[PDB]
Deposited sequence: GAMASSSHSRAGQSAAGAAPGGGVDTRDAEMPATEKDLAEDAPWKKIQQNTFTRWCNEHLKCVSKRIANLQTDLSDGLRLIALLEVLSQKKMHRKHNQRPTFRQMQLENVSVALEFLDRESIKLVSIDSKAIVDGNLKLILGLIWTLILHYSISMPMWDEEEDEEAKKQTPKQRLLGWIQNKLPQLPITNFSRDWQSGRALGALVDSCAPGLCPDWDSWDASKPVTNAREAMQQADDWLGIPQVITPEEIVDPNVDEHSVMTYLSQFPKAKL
């Protein structure tokens, strides 16, 4: 983690998180520290499930035993809801294990933002979303969530697919201007489709952008049932 690209998933997951907590008045500044007492994790779970937790929690969790109980309430909720998790336990969150915490948020995005608004038992959520984009853009070979998006042009194309007239000249856009294109597209999706910029233009056309960051951004397109 010298290289500035390794930070993209973290940036993007965190903006994803804030987007869902912005109306219950919380925000994360640092995912490694700001979920450790369990309170913001609970705020997030409640907004995404549109439910309330099954039992009470420690509203003022001054010491670690209380923070572990809080986190164990988020985690049981998730068992209760049938969201399987990747090697997650309470101490992982309270102790600030960043790789496990990034993985938890990904499990959430994958479930709430991709798997749940798409209804295909033998169809993976990566596959559902791939298929949704391919259906909006039948004239583009769309096979991945990285290199296909690097020029900015598939973005123009998807946004215009969704609201024709927003990026009508996408196919004449200069692929040597990947940031300019990305920004033009993603602003038009911001302004006219409601799609927030949880990944930045610079980040989305980065040579080493990870697919999970890009899926996070794109998954907002059909959860907004376009």
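Missing C-alpha coordinates mark the following deposited-sequence intervals, in order: 1-39, 159-165.
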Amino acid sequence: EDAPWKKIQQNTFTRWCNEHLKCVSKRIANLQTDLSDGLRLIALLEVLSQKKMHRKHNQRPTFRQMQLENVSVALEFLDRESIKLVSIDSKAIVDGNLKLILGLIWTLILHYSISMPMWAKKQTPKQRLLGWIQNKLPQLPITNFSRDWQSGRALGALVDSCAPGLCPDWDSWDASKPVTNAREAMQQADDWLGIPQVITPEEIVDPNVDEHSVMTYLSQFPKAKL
From here on, numbers count along this sequence of modelled residues.
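Relative to its counterpart among 88-96 and 122-130, 122-130 has the higher mean temperature factor, C-alpha atoms as listed in the PDB entry. Note on 4-12 vs 216-224: mean CA B-factor is higher in 216-224. The maximum CA B-factor among the listed residues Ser82, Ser146, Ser72, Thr107, taken from the PDB record, is found at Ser146. Based on the entry's C-alpha B-factors, the most elevated value among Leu41, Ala175, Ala29, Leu166 belongs to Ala175. For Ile204, the recorded CA temperature factor ranks within the middle third of the chain's modelled residues. Compared with the other modelled residues of the chain, the Cα B-factor recorded for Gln67 ranks in the lowest third.
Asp190: CA B factor lies in the middle third for its chain, per the PDB record. The deposited CA B-factor of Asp171 belongs to the highest third of values across its chain. Placement of the Cα temperature factor of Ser49 within the chain: lowest third of the modelled residues, per the deposited record.
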